[PDB]
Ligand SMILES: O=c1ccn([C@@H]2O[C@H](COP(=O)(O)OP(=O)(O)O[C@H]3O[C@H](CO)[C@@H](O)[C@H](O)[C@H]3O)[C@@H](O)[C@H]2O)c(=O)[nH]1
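Taking the form solved without this ligand, here's one chain by itself in structure tokens.
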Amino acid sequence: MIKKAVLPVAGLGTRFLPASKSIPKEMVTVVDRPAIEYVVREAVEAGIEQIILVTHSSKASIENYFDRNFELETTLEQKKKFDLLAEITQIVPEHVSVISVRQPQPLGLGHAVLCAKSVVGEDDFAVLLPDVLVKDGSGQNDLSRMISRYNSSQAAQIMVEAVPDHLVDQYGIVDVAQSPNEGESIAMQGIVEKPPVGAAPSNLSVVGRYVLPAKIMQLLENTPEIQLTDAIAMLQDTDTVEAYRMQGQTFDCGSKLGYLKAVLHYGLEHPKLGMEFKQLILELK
């Protein structure tokens, strides 16, 4: 049903700046692999098959991560590091293609999604903002829960997550009547950029996961700095839009402290390094 995802990765990484100066923000190492790997793993494990990277001329190392490397592999063979060569040879499954299109100028998220129009065609599709990592815990990731709701409802999905009341002026916040249960959706009437701590329509923050109809591309061509939130506003005119509330946990890597937070949480969960990483932390005192 939903087989395509747009990962808009053409930013210059002004946030996380020394680190992103000469490599993509997406290629920033989180424990032992680049951040992007975690976002592509999340997509693929919700049944995505076509990864559509909207990219910048400086971001070849992202495309190169999901391609084969002749010199690297023959180095790995010559040293008989055979289990490794097997790991770095199938980062994505056989049936998953990774596709590139260029955002010609940095004119925002709406413009980025519009750049993928030709590749999206008449299909319904997901958007993954890759500066945000989602950790699942439950065995079925939020993106998969949220796609199935989209399939069932044929209503656009905006992933949201409860934040503390006194920190709501940091977020895009959705207008809903009540808040849904975790892993459930409710109809939503709009989103408020950074509402004042007094005056937030809810405590439900936009995380940067979407399932949208193809309609959205003609909407983006007709938006009053082309803004996804008011292409979605325009979709409200003919369509239900629902807010899907995460069951899992987000990490904002675009921001140095939420990066350090992912390294700590993912590191401790590392199926191979977790326990040795725990010991390193305890030794700190």
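Start at 1 and count along the sequence shown; that's the residue number.
Beyond what is shown, the protein has a form solved in complex with this ligand; the following relates to that form.
Enquirer: When this ligand is placed as it is in the deposited complex, which of 170 to 178, 92 to 100, 195 to 203, 138 to 146 ends up with heavy atoms within 4.5 Å of it?
Expert: One stretch meets the cut-off, namely 170 to 178.
Enquirer: According to a 4.5 angstroms non-hydrogen atom cut-off, is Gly108 in contact with this ligand in the deposited complex?
Expert: Output for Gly108 is yes: heavy atoms within 4.5 Å of this ligand.
Enquirer: Could you tell me if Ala112 has a non-hydrogen atom within 4.5 Å of this ligand in the deposited complex?
Expert: The answer is yes: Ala112 has a heavy atom within 4.5 Å of this ligand.
Enquirer: Determine whether any heavy atom of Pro24 comes within 4.5 Å of a heavy atom of this ligand in the deposited complex, and answer yes or no.
Expert: No, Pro24 is distant from the partner.
Enquirer: Verify the contact flag for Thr229: yes if a non-hydrogen atom of it lies within 4.5 Å of a non-hydrogen atom of this ligand in the deposited complex, no if not.
Expert: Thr229: yes, in contact with this ligand in the deposited complex.
Enquirer: Name the residue from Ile186, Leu129, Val163, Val119 that puts a heavy atom within 4.5 Å of this ligand in the deposited complex.
Expert: That would be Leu129.
Enquirer: Which residues, if any, of 1 to 35 lie within 4.5 Å of this ligand in the deposited complex when only heavy atoms count?
Expert: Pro8, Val9, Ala10, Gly11, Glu26, in sequence order.
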